[PDB]
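Next up: just one chain, as structure tokens, the form deposited in one PDB entry.
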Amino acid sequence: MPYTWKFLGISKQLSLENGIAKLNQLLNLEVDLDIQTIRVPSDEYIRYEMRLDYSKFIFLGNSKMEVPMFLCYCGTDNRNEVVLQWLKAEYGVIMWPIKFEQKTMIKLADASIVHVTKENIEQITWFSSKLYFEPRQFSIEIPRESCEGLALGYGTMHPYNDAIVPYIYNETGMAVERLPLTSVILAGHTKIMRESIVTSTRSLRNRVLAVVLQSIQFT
């Protein structure tokens, strides 16, 4: 699974359109910038995407929220740090690494598979689900099919939190909420850890970005 994403909170909402030419002349490249207003049914976000020349930056902003924006990136390129420092210098923002608490990791898991269609209908792309724990180590795995049945047995928009985790407690006596979760793995799709997210394709779901931005809010 090729793409490891890191996350930085940003102290101010940035309009990258305004600063981009400076970044181009600094890197000697013509950076590709894409700007999209997105809606995540439940609010509305501004999403920037930035491709250099496998190095990629994604930004999610919301004017209504106290922490208005964060960015994430993937790739191991030398120039990632150039972009970060450039951001700090050009905009005087304060940027900090984001770490996901356990409850957040479960939400990110839900956000990775759940989505809503045009006619406002819940859909879920199910994958085999592995939870790792480190008290020395062990893991529990639920194949795709039982996930799917367990979920349709329930009402959803939070299948891991409303179906899978309770089914685990109710059928095995293991309380996921009481154990030291280290990662959630959705086979062929995504790996959610405390300090990063790994993906199989070169992007993160919009709902996942939304959940990140909401998790870094101060109270």
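Whichever C-alpha set is largest while still superposing within 1.5 Å between the two forms counts as the rigid core. The first residue of the sequence shown is number 1, and the count goes up from there.
Here the subject shifts to the form deposited in another entry, a form of this protein not shown in this document.
Undergrad: Establish whether a shift of 2 Å or more occurs at the C-alpha of residue 141 between the shown form and the other one, with the two forms superposed on the rigid core.
TA: Comparing the forms between the shown form and the other one, which are aligned on their rigid core, residue 141 does not shift its C-alpha by 2 Å or more.
Undergrad: Using the rigid core as the reference frame, would you say residue 172 shifts its C-alpha by 2 Å or more between the shown form and the other one?
TA: Superposed on the core, residue 172 moves its C-alpha 2 Å or more between the shown form and the other one.
Undergrad: Honestly, after the rigid core fit, is residue 115 moving at least 2 Å at Cα between the shown form and the other one?
TA: Passes the 2 Å threshold, so yes.
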